[PDB]
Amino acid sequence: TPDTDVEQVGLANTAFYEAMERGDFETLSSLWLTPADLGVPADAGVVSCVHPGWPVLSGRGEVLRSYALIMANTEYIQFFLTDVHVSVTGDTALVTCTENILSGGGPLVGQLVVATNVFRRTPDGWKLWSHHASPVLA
């Protein structure tokens, strides 16, 4: 269903951020697409990630490496998501949101970030194909 899809895509999005918040690398890894998830040259299922102000990370290794690092370097992170919009088309879903981030590596510093997350439908649930996050600059 449409309503169901939107809801399940939302839950997948929440999980992704919750996994960061609790420093749960195993879950986080599980939430990202693998070509096996797809049942695998046109690089079907190949993932990427842009962290705020970063160049592009490609493939599970660079991507998961960066999250393992981030988590290993952060003592405290909370995401307060707003303006969340979901678009589901076929077996792909597009989520945009504002990431209002508070972190501590330590004094709490806030970031205003916007993200586009792309999800893919798999038997094991909606999986991340791409995360692109960027600063909102004045």
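Residue indices: 1-based, along the sequence shown.
Please count the deposited residues lying between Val40 and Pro41 that the model leaves without coordinates, and give the class: none, 1 to 3, 4 to 9, or 10 or more. Per the record, 4 to 9 deposited residues are absent between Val40 and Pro41.
Gap size, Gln111 back to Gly110 (deposited sequence, no coordinates): The entry has no unmodelled residues between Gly110 and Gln111.
B-factor third for the C-alpha atom of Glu75 within its chain: Highest third.
Thinking about Cα B factors across the chain, which third does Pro52 belong to? Ranked within chain, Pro52 CA B lands in the lowest tercile.
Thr34 - which third its CA temperature factor falls in, relative to the rest of the chain: Tercile = highest for this residue's CA B-factor.
Can you tell me whether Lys127 has a C-alpha B-factor in the lowest, middle or highest third compared with the other modelled residues of the same chain? It belongs to the lowest third of the chain when residues are ordered by C-alpha B-factor.
Which third of the chain does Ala44 land in by C-alpha B-factor: lowest, middle or highest? Answer is highest: the recorded C-alpha B-factor places it there.
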